[PDB]
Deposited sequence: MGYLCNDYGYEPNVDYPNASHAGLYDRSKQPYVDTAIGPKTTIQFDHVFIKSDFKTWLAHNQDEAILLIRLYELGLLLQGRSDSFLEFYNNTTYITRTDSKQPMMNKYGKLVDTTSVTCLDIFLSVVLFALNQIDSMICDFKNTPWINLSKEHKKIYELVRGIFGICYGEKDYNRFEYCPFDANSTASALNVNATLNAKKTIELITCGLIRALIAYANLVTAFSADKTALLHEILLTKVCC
C-alpha cells in the first residue's frame, strides 16, 4: 500500500520528493513508450536512452559498424545524410541525429533489429580480441584483421633520430597492443551499457505481455 507510488504526479507536489526532474516520469509520447501491435507501455528502455545519452551514442556507433559487417551497404553509406549544417557542430552530430530517431522509434520490431545489430558488432569485436590474445605472438585470422582495422578506424628518439628506426620495430607491437587495450576498455563499457539496456527492454516486454492479455 503506497499511494505515493500510485499517484506520482500528486507525489511530486509534496515536500519529500527528491526526484532530479519531477514530472518527467509521467510524460507520454513516442520518446518515452514502446508498442507491440499498437499496445503501448511506458518504457524502461526509453528512460535508459534518456538518462545515458553518452553511452547510447557509443552503442549507435556499434550499430553503424554492425551494418558494414553485415554488408548493409546503402544503410551504411547514407548514415550521415540529412545533417543540414555546412559547418562543424557537435563532434558526434550524425550519431546525435540517429539517437533522436532511435528515441522516436516505438515498435518492438524495429528496436529488436537495433539491438540485434549492436550485439552482432559486440560479438565480432570480442571474437577479434580473443584471437589477438590467444598467443603472445600476434597472429589474426583474415576476418579478424578486418575487424581490427574497422574498429580502429570507426572509433622518435630525439637523442639519435637514426635510432628511431629500431624503435619503430620494437614499438609496432606496443601500438597494436595499446589499440587492443583501448578497444577492450570500450567493449567493457559498451557491454555494461548493453546488459542494462537490453534488460530494461526485456522488462518492458514483460510489461507488454501483461497488458496484451
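- Numbered from the first deposited residue, the unresolved ranges run 1-9, 165-177, 236-241.
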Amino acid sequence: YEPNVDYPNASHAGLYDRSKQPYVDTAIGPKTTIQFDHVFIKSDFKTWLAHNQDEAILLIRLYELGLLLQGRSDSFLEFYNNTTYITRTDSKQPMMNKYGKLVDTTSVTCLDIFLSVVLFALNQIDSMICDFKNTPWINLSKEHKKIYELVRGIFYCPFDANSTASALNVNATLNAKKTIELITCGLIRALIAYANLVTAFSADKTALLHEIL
From here on, numbers count along this sequence of modelled residues.
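- When the two stretches 72-80 and 102-110 are set side by side, the higher mean Cα temperature factor goes to 72-80.
- Averaged over their C-alpha atoms, the temperature factors of 21-29 and 190-198 are higher for 21-29.
- Annotation for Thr164, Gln35, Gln53, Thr47: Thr164 ranks highest, by Cα B-factor.
- When the C-alpha B factors of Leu168, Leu62, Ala176, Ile41 are read from the deposited coordinates, the top value falls at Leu168.
- In the PDB entry, a CA B factor belonging to the highest third of its chain's modelled residues is recorded for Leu213.
- In this PDB entry, the Cα temperature factor of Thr89 sits in the top third of its chain's modelled residues, the highest group.
- Sorting the modelled residues of the chain by their CA temperature factor places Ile180 in the lowest third.
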